[PDB]
Amino acid sequence: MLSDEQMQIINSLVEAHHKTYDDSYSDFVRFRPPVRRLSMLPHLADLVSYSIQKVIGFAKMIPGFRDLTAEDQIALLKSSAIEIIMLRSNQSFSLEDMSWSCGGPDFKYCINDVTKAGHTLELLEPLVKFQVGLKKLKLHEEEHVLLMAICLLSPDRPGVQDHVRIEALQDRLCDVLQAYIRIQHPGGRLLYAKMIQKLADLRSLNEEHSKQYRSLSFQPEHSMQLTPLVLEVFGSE
Amino acid sequence: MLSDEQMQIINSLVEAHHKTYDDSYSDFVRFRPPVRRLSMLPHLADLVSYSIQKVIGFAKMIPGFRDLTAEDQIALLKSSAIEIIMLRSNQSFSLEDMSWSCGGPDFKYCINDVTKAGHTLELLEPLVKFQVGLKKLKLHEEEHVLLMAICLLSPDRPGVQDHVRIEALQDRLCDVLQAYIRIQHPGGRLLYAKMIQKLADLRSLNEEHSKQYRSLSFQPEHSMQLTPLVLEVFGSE
Amino acid sequence: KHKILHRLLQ
Amino acid sequence: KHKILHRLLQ
Ligand SMILES: CC1[C@H](O)CC(=C/C=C2\CCC[C@@]3(C)[C@H]2CCCC[C@H]3[C@H](C)CCCC(C)(C)O)C[C@H]1O
Ligand SMILES: CC1[C@H](O)CC(=C/C=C2\CCC[C@@]3(C)[C@H]2CCCC[C@H]3[C@H](C)CCCC(C)(C)O)C[C@H]1O
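The following paragraphs examine the structure supplied in this document. (Residues numbered from 1 in each chain as written, not as in the entry; some residues may be left out. Chains lettered and ligands numbered in written order. Heavy atoms only, no water.)

Residues and elements named next belong to chain B. Taken in spatial order, the three strands line up as 1-2-3 in an open sheet, and their pairing is antiparallel. Two strands lie at the open edges of the sheet, namely strand 1 (93–94) and strand 3 (108–109), each paired on one side alone. Where strand 1 lies against strand 2 (residues 99–101), two bridges are found, and the strand directions are antiparallel. Residue pairing for strand 2: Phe-93 is matched across the bridge by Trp-100. (Pairing = 2+ DSSP bridges. Helix = DSSP H or I, 4+ residues; strand = E, 2+ residues; numbered from the N terminus.)

Encoded structure:
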């Protein structure tokens, strides 16, 4: 049996996700349209920028994240943003297509769309693979949400200062996830391990993205196409 | 009778305008769509950003602008960009509507559209008035192009260094314009004066815009919506 | 340093 | 200082 405050953490985390996840993908009509040079860079730059603001809204509602000093909140967001975006994007990923179906027909990004945004297959191979791995875990909503919160509250990120306080939070998060799986997820004897390995894979994707982004942002004809928030979060300042 | 090199300057300037003015306004479908908060800020930010790249392409083809040191070319563009955009936008302005008709129906910006982009009527009044003034001058293509080149080559802008070299160019430009009007524009006895007064009005619009932009860019929820080139050109660096 | 993030984080 | 303008100006 799960605890009362353990249940409170799941309830507040699920709600945070519902407030920051638009199941209708309707704000996508407000981005710069897809094209198919780097034809898909503008639309996917706007996608990432949009998603960063959702990830900040989610983080602001994680219990206790708000109580960290503003520096630490920046250091965690600056380094985990891309990982939480890869994490939440599983919701729109489909094993049936091997693409991300975000509502309408023009907002379905398969693998060839994403190469036209300036990224090579040495990022997209590990990325698509990661998504079918995470999709095969058939995670409950409660687990998908907890995994994002635990990826955010990692002390071992560049620039964090209160390693101890952030570590408390993250451990409080994995107690809940271990209890939840063990008590509410039949056949999850190995699932929590499979999820921690997913965080490991995410770190590897972060590196690959950070390398390919560095190349994309040192040529101004491309960084031009990026948004100010994307430049800020992925900038090295 | 106009001179040979005078005619060469008009020919090369008209061509520069044709290479950097899309009479089909077709790249407007590639901007963030209009909405009607600051609903029109994204689309009009993308409009200005687009136009800045056209103004740079035009400048790069003004005879002798290319031969200025890279600093001076930046100082002229950073201060005159908005004036050349107000100047070229006369082409899409219509006395019949009092709006800017840029091809399709959603790219027709009347005065209420432009207030939803974070600007007050103390900029839009002098702006719309300016446009019907410039529109009533029925300028030849040759004159409209020369006026942009003369607004660009003004030495009295912040940060210019070779005041003498830039002043040579600008005077070479007004000799052509005075000769052209006097020789090819029937009933232009007063027209060149009316055009120099238009440059004066442009300086006043520049100030008003620079004041309202400063307010818009000190609040990050709005500067966020701007593009990197717009931040750079209108930034104070 | 980080103008936008500071805003978004209230 | 002015990364984009330098590019656009070749
Ligand atoms: C809610 C909403 C929906 O579920 C759909 C989502 C999908 C997210 C995806 C799949 C498509 C590819 C990108 C966008 C990827 C998420 C980030 C990794 C790769 C992406 C690409 C290469 C960006 C390059 C831009 C940059 C310059 C920053 O490198 C985002 C999610 O927030
Ligand atoms: C080729 C093409 C076409 O002819 C149409 C053109 C029209 C230009 C106009 C009319 C509509 C209003 C704006 C966009 C104005 C030109 C610039 C002054 C006011 C504009 C607005 C307030 C921007 C605020 C954005 C900022 C944050 C920079 O302040 C641009 C021209 O390049």
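Don't stop here, the text continues.
On to the site of ligand 1, then. Residues and elements named next belong to chain A. Taken together, 18 residues surround ligand 1, and among them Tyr-21, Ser-51, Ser-92, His-119 and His-209 come closest. One nitrogen or oxygen atom from the side chain of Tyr-21 is found 3.0 Å from an oxygen atom belonging to ligand 1. Protein coverage of the free-state accessible area of ligand 1, which is 710 Å², stands at 98%. The set of elements that each furnish at least two residues to the shell around ligand 1 consists of helix 2 (41–59), helix 3 (70–88) and helix 8 (191–217). Among the elements that make up the shell around ligand 1, the one with the highest residue count is helix 3 (four residues). Within the shell around ligand 1, the residues separate by chemical class into twelve nonpolar, five polar and one charged. (Near = heavy atom within 4 Å. Polar contact = N/O pair within 3.5 Å; in protein donor to acceptor, adjacent residues only side chain to side chain. Areas by Shrake-Rupley, 256 points an atom, 1.4 Å probe, with all protein chains shown as cover. Nonpolar A, V, L, I, M, F, W, Y, C, P; charged D, E, K, R; others polar.)

Moving on, we come to the side chain of A:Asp72. All names here are of chain A. With respect to the element layout, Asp-72 can be found in helix 3. No salt bridge forms around the buried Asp-72; measuring N to O, its nearest opposite-charge neighbour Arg-165 is 7.1 Å away. In terms of polar contacts, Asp-72 uses its side chain to reach the backbone amide nitrogen of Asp-162, at 3.0 Å. With residues near it in sequence (within four places) discarded, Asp-72 still touches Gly-159, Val-160, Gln-161, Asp-162 and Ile-166. (Buried < 20%, exposed > 50% of the residue type's maximum accessible area, 1.4 Å probe, protein only. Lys, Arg positive; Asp, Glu negative; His and termini not counted. Salt bridge = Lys/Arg side-chain N within 4 Å of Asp/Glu carboxyl O. Contact = heavy atoms within 4.5 Å.)

Bringing the packing of aromatic side chains into the picture now. All names here are of chain A. For the coordinates displayed, the defined rule picks out 16 aromatic pairs over all chains. Ring centres of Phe-28 and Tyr-50 lie 6.0 Å apart, and the angle between their planes is 70 degrees; this geometry places the pair in the edge-to-face category. The exposure classification of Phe-28 matches that of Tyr-50, with both residues buried. Among the aromatic residues, those joined into a ring-pair cluster are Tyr-21, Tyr-25, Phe-28, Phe-31, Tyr-50 and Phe-107. (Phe/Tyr/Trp six-rings, centres within 6.5 Å; stacked < 30°, edge-to-face > 60°.)

On the side of chain A, 15 residues touch chain C, which itself brings nine residues to the contact. Between chain C and chain A, the buried area comes to about 1100 Å², and carbon and sulfur atoms account for 71% of it. A per-residue breakdown of the area chain C buries against chain A is headed by C:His2, C:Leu5 and C:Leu9, which together make up 57% of the total. Joining chain C to chain A, the criterion identifies zero salt bridges. Remark: the boundary between chain C and chain A carries three residue pairs in polar contact. Split into classes, the residues belonging to the side of chain C that touches chain A amount to four nonpolar, three polar and two charged. (Buried area = accessible area lost by both parts, 1.4 Å probe.)

Positive phi values are uncommon outside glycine, yet B:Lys138 reaches one of about 35 degrees. Following the sequence through the fold, B:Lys138 ends up in the loop between helix 5 (121–136) and helix 6 (141–152). Taking the relative accessible area as the measure of exposure, B:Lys138 reaches 66% and is therefore exposed. The residue D:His2 is not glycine, and still its phi comes out positive at about 70 degrees. In this structure, D:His2 sits in the segment before helix 1 (3–8). Here D:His2 falls in the buried class, since its relative accessible area comes to 13%.

The interface of chain B with chain A comprises twelve residues on the first partner and twelve residues on the second. For the pair chain B and chain A, the summed buried area comes to about 870 Å², and 70% of that belongs to carbon and sulfur atoms. Between the two partners, chain B and chain A, sit zero residue pairs in polar contact. Counting residues per element, the ones that place at least two in the side of chain B that touches chain A are helix 2 (41–59) and helix 10 (228–234) of chain B. Class assignment for the residues of the side of chain B that touches chain A results in seven nonpolar, two polar and three charged.

Residues and elements named next belong to chain B. Around ligand 2 sit 18 residues, and of these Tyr-21, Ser-51, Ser-92, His-119 and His-209 come closest. A distance of 2.8 Å separates an oxygen atom of ligand 2 from a polar side-chain atom of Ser-51. In this structure, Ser-92 approaches ligand 2 through a side-chain N or O atom, which is 2.8 Å from an oxygen atom. Calculation on ligand 2 without its partners gives an accessible area of 710 Å², and the protein chains cover 99% of this total. Sorting the residues of the shell around ligand 2 by element identifies helix 2, helix 3 (70–88) and helix 8 (191–217) as the ones contributing at least two each. In terms of residues, the shell around ligand 2 owes the most to one element, helix 3, which gives four residues.

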